[PDB]
Amino acid sequence: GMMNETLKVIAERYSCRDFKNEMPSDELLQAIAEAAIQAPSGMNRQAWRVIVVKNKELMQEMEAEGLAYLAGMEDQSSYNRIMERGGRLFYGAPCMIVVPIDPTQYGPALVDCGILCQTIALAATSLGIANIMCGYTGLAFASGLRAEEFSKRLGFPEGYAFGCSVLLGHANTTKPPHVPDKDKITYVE
Amino acid sequence: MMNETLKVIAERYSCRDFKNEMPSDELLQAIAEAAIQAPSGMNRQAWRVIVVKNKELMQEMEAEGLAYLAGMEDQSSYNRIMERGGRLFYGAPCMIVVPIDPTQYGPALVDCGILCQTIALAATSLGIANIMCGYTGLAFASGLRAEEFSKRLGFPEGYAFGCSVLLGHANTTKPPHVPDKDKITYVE
Ligand SMILES: Cc1cc2nc3c(=O)[nH]c(=O)nc-3n(C[C@H](O)[C@H](O)[C@H](O)COP(=O)(O)O)c2cc1C
Ligand SMILES: Cc1cc2nc3c(=O)[nH]c(=O)nc-3n(C[C@H](O)[C@H](O)[C@H](O)COP(=O)(O)O)c2cc1C
């Protein structure tokens with residue numbers, strides 16, 4: 001099929017689950033967050049924010065809270081699959097972009113959210129920065145007991161809830177991207 | 001900092017005035033291939049990529065969509081589309097409709113957005129103008145012709161309209177939204 005650098009970036013983008021501790025430069029983090037805000041959104045409502053998190057302590061706390069919520073359910077199956085895969089929710093990533101969203105914008109805010117997270121992932125991949133979408137960061141808020149705390153520490157706008165996150169760093173170990181399923185494309189001529 | 005992918009992301013805009021010539025199969029296939037390379041929660045891929053080239057199907061969906069707005073007690077949105085030229089699809093000769101599995105609610109909507117943006121960036125990098133079009137869903141809103149359009153489009157059973165991206169070459173161009181740098185913050 002036809003190829004160009006953007007299409008190569010789309011093709012090569014993969015979910016990294018093993019990061020080195022090396023922090024990406026501010027130069028690169030800025031390019032990535034500038035790319036995110038260029039994401040389109042329904043009615044241009046931009047019912048999101050781009051929070052570039054580099055604080056290790058806050059990251060570890062949200063991770064440990066996330067794991068504990070999972071480890072607290074009656075059905076521990078999910079927490080057990082995670083402990084067998086390495087026991088990390090952020091795979092040693094030294095930073096992440098958290099995308100909170102306005103929940104009173106319902107479904108349209110989630111679509112917009114995904115549009116922006118993909119823009120981040122593609123921008124990071126073009127810059128040689130490994131990444132992964134991580135919905136599990138959301139577990140830090142799930143009990144509701146530490147939700148306001150993490151919200152203020154992250155600087156969420158009032159009323160905003162977690163939407164998604166993208167972890168960023170340099171890959172320690174690689175993975176191929178998912179195989180494209182060509183059977184999901186049809187044509188209505 | 002700048003590279004081709006970052007320039008595509010910055011220059012992509014929502015075209016609202018398309019030429020009538022059909023992009024080559026070769027370009028359509030490249031956009032469609034990019035789409036299926038979108039990541040999704042748990043690799044669930046609760047979506048499909050349907051490349052719609054049938055003019056009569058688009059014209060009917062467009063008509064049905066407009067009629068829906070026209071029938072609302074609040075004539076506001078109907079009037080907007082009319083001030084924009086009265087074309088719900090701005091003369092696009094083709095579009096990619098993305099149906100989703102609604103029983104996977106929010107996460108499928110997030111995956112829908114990921115995929116539509118993959119389409120928009122792939123299209124833009126190829127010279128193909130595009131626009132996300134949630135109003136394609138207006139063809140289904142009364143529910144009276146949702147089954148019919150779903151069948152005509154080839155939706156998998158149980159699937160519902162997620163989003164769509166209109167494709168074509170631009171008859172006229174318009175600048176993208178001005179990025180609001182204030183939405184970026186850092187937590188050192
Ligand atoms: C919105 C979203 C959330 C995701 N959440 C997680 C997550 O919490 N943890 C994880 O390991 N992978 C997560 N994934 C990564 C997917 O598993 C991955 O994208 C999918 O398996 C396809 O593989 P690929 O990205 O390497 O092509 C998420 C992906 C998306 C799009
Ligand atoms: C998910 C989504 C759905 C959209 N739906 C429509 C639509 O139905 N009709 C339309 O004219 N524009 C639609 N828009 C276009 C937005 O107005 C546009 O993205 C926004 O104004 C930002 O402008 P830009 O794309 O030119 O930067 C949609 C955008 C997104 C992201």
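Cβ atoms come from the backbone with ideal geometry, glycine included; neighbour counts cover every protein chain shown. Values in this text are rule-based calculations from the coordinates and carry no lab data.
Test B:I50 against the stated conditions and say whether it is within 21 Å of A:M43 (Cβ to Cβ), in contact with a strand residue (DSSP E or B) (Cβ under 6 Å, 6 or more places away or on another chain) and in contact (Cβ under 8 Å) with a residue 24 or more places away in the chain. No; evaluated as a whole, the condition is false for this residue. Of all positions in the stretch A:32-52, at least one carries a residue that is more than 16 Å from ligand 2 (Cβ to nearest atom) and under 22 Å from B:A123 (Cβ atoms).
Do the conditions hold for A:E65, that is, is it surrounded by 19 or more Cβ atoms within 10 Å (Cβ to Cβ), of a type in the set (D, E) and either within 16 Å of ligand 2 (Cβ to nearest atom) or over 16 Å from the mean Cα position of the chain (by Cα) (or both)? When the stated conditions are applied, A:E65 passes them. Against the list (1) hydroxyl-bearing (S, T, Y); (2) more than 16 Å from ligand 1 (Cβ to nearest atom); (3) within 14 Å of chain A (Cβ to nearest Cβ), the condition B:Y90 fails is (3).
Take the conditions out of contact with any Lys or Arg (no Cβ under 6 Å at 6 or more places or on another chain), more than 16 Å from ligand 1 (Cβ to nearest atom), more than 30 Å from A:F156 (Cα to Cα) and assigned to a helix (DSSP H, G or I) and apply them to B:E157. Does it pass?
Values: out of contact with any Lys or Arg (no Cβ under 6 Å at 6 or more places or on another chain): yes; more than 16 Å from ligand 1 (Cβ to nearest atom): yes; more than 30 Å from A:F156 (Cα to Cα): yes; assigned to a helix (DSSP H, G or I): no.
No, not satisfied.
A single entry from B:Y68, B:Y78 fulfils the requirement of being more than 7 Å from chain A (Cβ to nearest Cβ), of a type outside the set (K, R), touching a residue at least 24 places away in the same chain (Cβ under 8 Å) and more than 29 Å from A:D181 (Cβ to Cβ): B:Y68.
With respect to A:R81, determine if the residue is of a type outside the set (D, E) and either in contact with a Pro (Cβ under 7 Å, 6 or more places away or on another chain) or away from ligand 1 (no atom under 11 Å from the Cβ) (or both).
Details: of a type outside the set (D, E): yes; either in contact with a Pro (Cβ under 7 Å, 6 or more places away or on another chain) or away from ligand 1 (no atom under 11 Å from the Cβ) (or both): no.
For A:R81, the condition - of a type outside the set (D, E) and either in contact with a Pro (Cβ under 7 Å, 6 or more places away or on another chain) or away from ligand 1 (no atom under 11 Å from the Cβ) (or both) - is not met.
Please count how many residues of the stretch A:132-151 are more than 10 Å from ligand 1 (Cβ to nearest atom) and away from chain B (no Cβ under 11 Å). Explain how you work it out, then say what you get.
Our first condition is that a residue be more than 10 Å from ligand 1 (Cβ to nearest atom); within the stretch A:132-151, this holds for A:140-151.
Next, from what is left, pick out any that are away from chain B (no Cβ under 11 Å): A:140-149, A:151.
So the count comes out to 11.
Close Cβ contacts (under 8 Å, 6 or more residues apart or on different chains) running from residues in the stretch B:101-117 that are within 7 Å of chain A (Cβ to nearest Cβ) and within 11 Å of ligand 2 (Cβ to nearest atom) to residues that are among the β-branched types (V, I, T) and not in a helix (DSSP H, G or I) comprise B:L109/B:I100; B:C112/B:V98; B:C112/B:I100; B:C116/B:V98; B:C116/B:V165.
If the condition is being assigned to a loop (DSSP other than H, G, I, E, B) and of a type in the set (G, A, S), then the stretch A:32-59 contributes A:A39, A:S41, A:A47. Please tell me if B:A120 is in a helix (DSSP H, G or I), at the interface with chain A (Cβ under 8 Å from one of its Cβ atoms) and surrounded by 15 or more Cβ atoms within 10 Å (Cβ to Cβ). Considered against the rule, which asks whether it is in a helix (DSSP H, G or I), at the interface with chain A (Cβ under 8 Å from one of its Cβ atoms) and surrounded by 15 or more Cβ atoms within 10 Å (Cβ to Cβ), B:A120 comes out as yes.
Restricting attention to the stretch B:14-32, the residues being more than 27 Å from B:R84 (Cα to Cα), in contact with a strand residue (DSSP E or B) (Cβ under 9 Å, 6 or more places away or on another chain) and surrounded by fewer than 21 Cβ atoms within 10 Å (Cβ to Cβ) number 3. What residue, among those in the stretch B:152-188 that are exposed (fewer than 11 other Cβ atoms within 10 Å of the Cβ) and away from ligand 2 (no atom under 11 Å from the Cβ), is nearest to the other protein chains (Cβ to nearest Cβ)? The selected residue is B:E188.
Given the condition assigned to a strand (DSSP E or B) and either on the phi < 0 side of the Ramachandran plot or of a type in the set (K, R) (or both), answer yes or no: does some residue in the stretch B:107-116 qualify? For the stretch B:107-116, residues assigned to a strand (DSSP E or B) and either on the phi < 0 side of the Ramachandran plot or of a type in the set (K, R) (or both): absent.
A:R49 falls short on exactly one of the conditions (1) buried (at least 22 other Cβ atoms within 10 Å of the Cβ); (2) more than 9 Å from chain B (Cβ to nearest Cβ); (3) not hydroxyl-bearing (S, T, Y), and that condition is (2). Would you pick out the residues in the stretch A:1-31 that are part of a loop (DSSP other than H, G, I, E, B), facing chain B (nearest Cβ under 9 Å) and either of a type in the set (F, W, Y) or within 18 Å of the chain's Cα centre (by Cα) (or both)? Result: A:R13, A:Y14, A:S15.
Please determine whether any residue of the stretch A:87-99 is part of a helix (DSSP H, G or I) and not aliphatic (A, V, I, L, M).
Going through the stretch A:87-99, the residues part of a helix (DSSP H, G or I) turn out to be none.
No - not one qualifying residue is present in the stretch A:87-99.
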